[PDB]
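Visitor: Dropping a structure here in structure tokens format, bear with me for questions.
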Amino acid sequence: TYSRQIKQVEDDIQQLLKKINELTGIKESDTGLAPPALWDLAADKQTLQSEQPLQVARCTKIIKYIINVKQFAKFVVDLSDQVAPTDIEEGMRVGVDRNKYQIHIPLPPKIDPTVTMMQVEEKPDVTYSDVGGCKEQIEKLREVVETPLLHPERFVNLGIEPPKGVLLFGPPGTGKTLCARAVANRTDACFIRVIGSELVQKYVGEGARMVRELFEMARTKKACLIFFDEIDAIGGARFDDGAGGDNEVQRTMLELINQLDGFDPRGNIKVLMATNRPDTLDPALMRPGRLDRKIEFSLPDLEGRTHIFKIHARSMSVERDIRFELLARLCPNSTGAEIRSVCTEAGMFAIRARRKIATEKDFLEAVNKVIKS
Amino acid sequence: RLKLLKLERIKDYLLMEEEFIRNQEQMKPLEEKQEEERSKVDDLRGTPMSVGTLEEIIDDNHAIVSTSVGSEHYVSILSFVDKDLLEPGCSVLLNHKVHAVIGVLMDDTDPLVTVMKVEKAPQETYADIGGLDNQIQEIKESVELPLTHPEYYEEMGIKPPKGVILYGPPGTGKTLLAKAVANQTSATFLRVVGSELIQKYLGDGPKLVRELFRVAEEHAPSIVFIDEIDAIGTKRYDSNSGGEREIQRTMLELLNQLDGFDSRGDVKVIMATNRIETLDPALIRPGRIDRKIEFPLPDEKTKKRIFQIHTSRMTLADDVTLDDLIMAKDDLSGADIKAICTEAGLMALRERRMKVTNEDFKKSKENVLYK
Amino acid sequence: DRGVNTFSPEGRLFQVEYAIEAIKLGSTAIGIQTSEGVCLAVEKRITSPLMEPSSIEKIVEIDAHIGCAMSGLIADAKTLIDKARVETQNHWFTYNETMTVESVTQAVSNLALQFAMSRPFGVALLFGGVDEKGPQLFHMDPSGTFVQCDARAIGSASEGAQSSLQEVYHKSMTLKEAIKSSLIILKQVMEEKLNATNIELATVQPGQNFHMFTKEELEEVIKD
Amino acid sequence: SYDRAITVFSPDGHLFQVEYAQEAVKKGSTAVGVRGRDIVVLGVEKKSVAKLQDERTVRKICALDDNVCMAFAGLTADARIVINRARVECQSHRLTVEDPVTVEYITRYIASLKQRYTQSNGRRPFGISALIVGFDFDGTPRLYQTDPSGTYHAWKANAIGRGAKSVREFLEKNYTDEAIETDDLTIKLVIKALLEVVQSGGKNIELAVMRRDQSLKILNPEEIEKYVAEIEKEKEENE
Amino acid sequence: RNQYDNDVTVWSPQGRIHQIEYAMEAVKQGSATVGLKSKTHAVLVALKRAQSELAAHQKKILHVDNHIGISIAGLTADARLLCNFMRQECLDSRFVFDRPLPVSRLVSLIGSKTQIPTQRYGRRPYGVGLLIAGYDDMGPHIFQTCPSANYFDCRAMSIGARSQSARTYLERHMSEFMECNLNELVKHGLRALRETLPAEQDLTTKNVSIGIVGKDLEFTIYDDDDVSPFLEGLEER
Ligand SMILES: Nc1ncnc2c1ncn2[C@@H]1O[C@H](COP(=O)(O)OP(=O)(O)OP(=O)(O)O)[C@@H](O)[C@H]1O
Ligand SMILES: Nc1ncnc2c1ncn2[C@@H]1O[C@H](COP(=O)(O)OP(=O)(O)O)[C@@H](O)[C@H]1O
Ligand SMILES: [Mg+2]
Ligand SMILES: [Mg+2]
């Protein structure tokens, strides 16, 4: 009935769309201008007044100033309708025009595609109150990551240093990534996830660069929350033995540490270090001057298991009444990820029973199956 | 009610568009002349000698375009462009004089897809899969009906399983079931093997892994068939020797791709393993991989079914009886049965008789048995 | 930490920790001491059917005045109990008396301390005995730490049973209250229903010597 | 001498060595045993033998005394050594007391041997699982089983080897005093269990039975043929 | 610290040996025990922990000889072995000479032994720390001994977890020490335990064991009730 009505009406829509296409006719082929008009004569004229090249300014020698510019053609130029002389900066991207080469427009700095898309400006879809079994850990993380930011005058009155650096560690799967996502979503600051694999490249020179540009980007931004993951992958025991050929990763780790805290302030950057094997981590990095508030995620207790159970039960089609504390009791030594998989198994059991209700019986069957496997 | 909404508005579309547009077409003029005017004006917008490479985009109307000589020049784009196709690294078209962005054209990509996607619909289908009904139904539940019927999961609440492991001895139709899933499903299956990702140098393996995952996400919401991984990593060891350390990094990247910080599309992972006890305890984490499936050796009836399905395209003889081969109560995979059939056929061909014989199948049995 | 007997950097021999893990994996047993005696109730792990209850032996007799319950490796308990019985009889031979429960427990623990032997035993024991100071219960762990307790629970359900014991136990009960509460907790924590064949139940009283309850009284208390 | 520790506890709290040993036992041949009122039966797969291979040298079943019989699953040399040890022990027990060794006592000895060899500070734990059947001097159709880990229990029947899992579920099912009433139908149940793995009717199922305090006896192959023939008659009648 | 940290037989490239450091860590993990002394009295006040509300507190004061008592913190197994050893030594010394074994000699012998399995690749240290109160002909003696054998003859010492508060109190009140009655001696030890313990937690007549040795009094153990008068008379906060 309803399904057939759907099929009919969607057939009508497909027919309408093809009819529109054939009747009027809009396509691109190779390049196109489908949006009507788009006349851009003034655009051409101002492009001629512009369409400038860019390079990297080097030095402003004199106090009319002498800007020095380097690309496939060196140059020494200055002056422009632009003001804020060299925007009080030298190593920018100048953006200078042709035709006597003295008119400029400042540009941001070039950055490799890797970091460009590692910026990860997206907001993960997680929020607090969806976390159970690690109330103490989340309390610690909330304190460290928010008190310096949210009404932090109370945090400065006491004359106490602001902690900077937290390493999340624990068994594989405890809601560490979940809590990282939640903090990312809630926070309002330059957030930057980092993947360890992207820091391993073809021979020396790559990781150290990308790390340095990442760090200067964070410094340029007002306040950064960096989110290293795969720290187990990036940075390990400094010992060489046979790693005399593999010293590249160790080198990159060394530069990472130096930028974290070397002979220069590191800045308003708070670091999150995701891991599950917090022993091979190098001592220099693990130094508490760089990872202040290491947090440990443990297997949830009964209350945490129940809270995670109801959280996952947030979904609909579930039974009207379930007895979650017994569910948790039946699943001891179970990760929150295992609670999630138990809810998934209950849903799949409902489907394989052709039932639109997820019953406590379905939950019990799922628990039995997961326990047996 | 929702049906009422969609039907009402859909009829609104048909009526509005069809009637008004057909009125204008009946008075066709005032459209073709304008279209020709616009097309010739676009042509007038310089189309001499022209090409461009897009390093990046500043914002609407402004972007940086680099030429083979490194002509990085920044230019104000011309709105005539198609727009929204300006992904960094795209091949742009630039006016010879003003280097105005007016067009973009790549129409050519890395053939990695064409290499790792061969025979998308192999000759083996579920009919060719003789037996293993339980495993077949479970893998369908895990893979296909989530895609072919994205209604049940959506209405009930959960999302489908992401990673599914198929573990069993060396040869139980794992790749066969992968192929059948590919053929039956409309999605762009992806074959992958564990002996190629082990690259010569650091970062190469994880780089190609990430590229493979991104390709899977982009080109199609499909399956990725990761064959043996025990030759990779085998859990996270003390991480002492450089090669194994790098391979552990490769698995950790795999783990991030399987379930990372950001998100995951509608791409399902299917693992095939000879041995599972040795795999990373963390990788199989129930959040990531679920529905590990035994793929054991066929029993006697499954062996009958496998022989029958293999030999369906095999005109067995009247005297040839396919029970002396079921007689053997030892290791005989589907691959073993195929080898037995092929060896019997080849020996019959060698001994020149067009029709296979029971003795030929017997000899094929002895010469296919390894131990 | 790696190695045979190497001391783990965070303390402990780490084989003690492994032994603790094994004990936790082991089956569940409960012991309760009262002025009227000491009672032991151990859940069994009868495998698939066809199993007579006289197949798994999670309770043993030390002289006519102590019972012992195990959790962990069957043969480990067998060896430790063999040592305990031999030591008890040797002391009786040399003293014309019977050891105190403290003394037998500490002797067995002393033997357990030696890690000849290359690994710690994978069995935790609970001795309910009757000695000069009445009925007492001594819990011994593979590390060798022996302590007398008012009521102890060991095994897979060790923590939950111990919490229930803390809730229910008071300084004043009798053997009857001890046994009924222990059986209630055992049923609540059982792998399946209380079939009267998947348990072993013993008592040592200031009076009747150590006694294994027979099927009749088992089913009686079960229905009670 | 060697004085090197082995059998290290695992992070999980298990012994990698003992789990390896038990799987190595599992990979071997299959053998079932059952007890009656006065008959204790023990059948086992022959595991194939070349037409040139004498069966006398395949002794996967050993009579350790007039009341104890062990069926092996593992390595033949380990079988030989453990068997000889146990039998020297039984004769020693005969010296100690003028009575036959009970199955319970022999099983205790075997379990002690397993414990010694798994925790003797450098040893290779016997990858073996043993099944004993005897009649106490008074007479009791007792049947015991011993795992390679040393843990032993009292069993009214058993089935160990490659098929041990499936045969165990099978025997747990469709087993009752109706089946084990007497020698009658008991060999039939045993043969049905062994044909649970089909197609080996005449190639395997070397069988022995011991009556109450009478003796142990290997079942001759003409008798085996008669039993299997009537059993398949019963089958075809069923279907 | 990769490698160089297995068995005492391996020398680190730092002049350091780390298995001994781990044993000392276990000593700290042990429970609090404070020994102090006057001209004619040595008092060991020790906190027996409570593993479970149904399990009685682990006693940690052992009377080895008439004139010698020990308070232990660490592996109870090694503590028991060492206590057996000192008892055997005291009996042998009494047999050979009808004398109370000198405390210094006894402590030196124990240090020697606990050193012995620190130079062979077959054995381990003894992660047990002892506070010994003895009374020899020279009078009362307070000794501290650790797995390293570095015995220290102290006016007042403290070992086990939270031992630092006891150390602070003893350092502050040394001047009084050696110039106080026996009751004041026990009261000072109790004050040290009170400082060590959490403020909410208080020394009941169940958590404390008091071993007192001195002139005309063999080493006497006070537990359960015998501790009652001292706690009752003790000051509060
Ligand atoms: N406290 C929690 N509240 C809710 N869900 C939780 C919690 N802990 C774990 N989970 C569930 O476990 C999974 C979280 O996996 P996540 O990636 O965050 O873990 P992790 O601790 O970072 O480790 P791993 O990467 O090894 O899985 C999801 O299924 C999440 O639902
Ligand atoms: N239902 C089935 N189960 C197992 N194998 C089958 C089945 N049907 C056919 N086969 C045969 O199994 C072979 C494929 O096994 P494969 O997937 O390569 O095992 P593995 O991946 O473990 O090596 C094919 O040659 C095919 O002919
Ligand atoms: Mg995670
Ligand atoms: Mg395959």
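Here, each number is a calculation from the coordinates, and none is a lab measurement. Using ideal geometry, Cβ is built from the backbone for each residue, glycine included, and neighbour counts are taken over all protein chains shown.
Visitor: Could you sort out which of C:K215/D:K156; D:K47/D:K114; A:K7/A:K356; B:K159/D:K26; C:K78/C:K215 sit more than 31 Å apart by Cα distance in this structure?
Guide: Exceeds cut-off: B:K159/D:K26.
Visitor: Counting just the Cα atoms, what span does region D:102-199 cover along each of its three principal axes? Round to the nearest Å and put the largest first.
Guide: If we take the Cα atoms of region D:102-199, the spans are 47, 38, 18 Å.
Visitor: In nm, to one decimal, how far is the modelled label at A:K202 from the one at A:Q71, with both set 7 Å along Cα→Cβ?
Guide: 2.6
Visitor: How large is ³J(HN,Hα), in whole Hz, for each residue of region A:267-272 in order, when computed from phi with the Karplus curve 6.51 cos²θ - 1.76 cosθ + 1.60 and θ = phi - 60°, using x for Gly and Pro?
Guide: x, 6, 10, 10, 10, 10
Visitor: Given R₀ = 45 Å, what would the calculated FRET efficiency be for C:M190 paired with B:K371, taking r from the Cβ atoms and rounding to 0.05?
Guide: 0.45
Visitor: Hey, what do the phi angles of region E:215-224 turn into as Karplus ³J(HN,Hα) couplings, whole Hz, using 6.51/-1.76/1.60 and θ = phi - 60°, x for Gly and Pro?
Guide: Rounded to whole hertz, the list is 5, 6, 7, 4, 4, 10, 9, 10, 9, 6.
Visitor: Quick check: from the Cα gyration tensor, does chain A come out rounded (a/c under 1.5), prolate or oblate?
Guide: oblate
Visitor: In 20 Å bins starting at zero, report the fraction of Cα pairs in chain B per bin as a rounded %.
Guide: P(r) for chain B, in whole percents per bin: 20, 38, 30, 12, 0.
Visitor: In whole Hz and in residue order, list the ³J(HN,Hα) couplings for region E:112-121 that follow from phi through the Karplus curve 6.51 cos²θ - 1.76 cosθ + 1.60, θ = phi - 60°; x for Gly and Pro.
Guide: 4, 4, 4, 6, 3, x, 10, 9, 9, 8
Visitor: Calculate the length of the line joining the C-alpha centroid of region E:1-71 to that of region A:160-185, in whole Å.
Guide: Comparing the Cα centres of region E:1-71 and region A:160-185, I get a distance of 37 Å.
Visitor: To the nearest whole number, what is the average tally of beta carbon atoms from other chains within 10 Å of the beta carbons of peptide A:344-353?
Guide: 5
Visitor: Given a Förster radius of 25 Å and the C-beta distance between A:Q46 and B:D43 as r, what FRET efficiency does 1/(1 + (r/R0)^6) yield to the nearest 0.05?
Guide: 0.70
Visitor: Could you check the spin-label model distance between A:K310 and C:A116? Points 7 Å from the Cα along Cα→Cβ, value in nm.
Guide: Calculated label separation equals 5.7 nm.
Visitor: Shifting gears a bit: Students often forget the sequence filter, so: which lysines lie under 24 Å Cα-Cα from B:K355 once same-chain residues fewer than 8 apart are removed?
Guide: Cα-Cα hits under 24 Å: B:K303, B:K304, B:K338, B:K363, B:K365.
Visitor: Still on this structure, I have one more. Among the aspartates and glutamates, which fall within straight-line cross-link reach of A:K64, defined as a Cα-Cα distance under 13 Å, with same-chain neighbours fewer than 8 residues apart omitted?
Guide: Qualifying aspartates and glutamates at Cα under 13 Å: A:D78.
Visitor: Something else about it: Relative to a virtual label point 7 Å from the Cα of C:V168 in the Cα→beta-carbon direction, which members of region C:177-193 show backbone nitrogen distances below 11 Å?
Guide: C:177-189
Visitor: Report, for chain B, the % of DSSP beta bridges that are antiparallel, rounded to 5.
Guide: 45
Visitor: So what's the back-of-envelope 222 nm ellipticity for chain D, counting only DSSP H runs of four-plus at -39500 (n - 2.57) apiece and dividing by all residues, rounded to 500?
Guide: Computed mean residue ellipticity for chain D: -12000 deg cm²/dmol.
Visitor: Summing -39500 (n - 2.57) over the DSSP H runs of n ≥ 4 in chain B and dividing by its residue number, what mean residue ellipticity at 222 nm do you reach, to the nearest 500 deg cm²/dmol?
Guide: When only DSSP H runs of four or more count, the value is -13000 deg cm²/dmol.
Visitor: Next up: Identify all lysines with a Cα-Cα distance to A:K61 below 26 Å; exclude those on the same chain that are fewer than 8 residues away in sequence.
Guide: Of all the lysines, those that pass the test against A:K61 - Cα under 26 Å, at least 8 places apart if same chain - are A:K70, A:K74, A:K100, A:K110.
Visitor: May I ask you to list the residues of region A:19-39 whose amide nitrogen lies under 19 Å from a point 7 Å from Cα along the Cα→beta-carbon direction of B:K28?
Guide: Counting only backbone N, you get A:19-27.
Visitor: Relative contact order, percent, of region D:36-148 when contacts are C-alpha pairs under 8 Å separated by at least 6 residues?
Guide: Relative contact order of region D:36-148: 29 percent.
Visitor: Checking the a/c ratio against 1.5 first, then a/b against b/c, what shape does the Cα gyration tensor give for chain C?
Guide: Judged from the Cα gyration tensor, chain C comes out oblate (a/c at least 1.5, b/c at or above a/b).
Visitor: Got the relative contact order for chain D handy, in percent, Cα pairs under 8 Å and 6 or more residues apart?
Guide: Relative contact order comes out at 28 percent.
Visitor: Could you give the Stokes-Einstein D for the protein assembly as shown in µm² per second, using the C-alpha Kirkwood radius, 4 °C, 1.567 mPa s?
Guide: Diffusion coefficient, whole number: 33 µm²/s.
Visitor: Just need the relative contact order of region E:119-159 here, percent rounded to a whole number, with Cα pairs under 8 Å and 6+ apart.
Guide: 34
Visitor: Test of understanding: in a Gaussian network model of chain E with alpha carbons linked when under 10 Å, which of E:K37, E:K60, E:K113 would top the mean-square fluctuation ranking?
Guide: Its mean-square fluctuation being the largest, the pick is E:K113.
Visitor: Okay, moving on. Using only Cα atoms, locate the centre of region B:251-280 and the centre of region B:1-61, then give the distance between them in Å, rounded to an integer.
Guide: Each part reduced to its Cα centre gives a spacing of 44 Å.
Visitor: How many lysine pairs in region E:2-235, separated by 8 or more positions in sequence or lying on different chains, have Cα atoms less than 13 Å apart?
Guide: 8
Visitor: Then there is this: Report the calculated FRET efficiency for E:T205 and E:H173 (r = Cβ-Cβ distance, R0 = 22 Å), to the nearest 0.05.
Guide: After rounding to 0.05, the efficiency reads 0.40.
Visitor: Assuming 0.36 nm per residue, please report the length gained on full extension of the stretch A:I357 to A:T114 beyond their Cα-Cα distance.
Guide: Between A:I357 and A:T114, full extension yields an extra 82.9 nm.
Visitor: On to the next question. Springs between alpha-carbon pairs under 10 angstrom, Gaussian network model over chain D: which of D:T146, D:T176, D:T76 fluctuates most?
Guide: D:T176
Visitor: State, to one decimal in nm, how far the label point of D:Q53 lies from the label point of E:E218, with both points 7 Å from Cα in the Cβ direction.
Guide: Between D:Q53 and E:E218, the label points sit 7.5 nm apart.
Visitor: Could you work out how far the C-alpha centroid of region B:160-201 sits from that of region A:328-373, in angstrom?
Guide: For region B:160-201 versus region A:328-373, the Cα centre distance is 27 Å.
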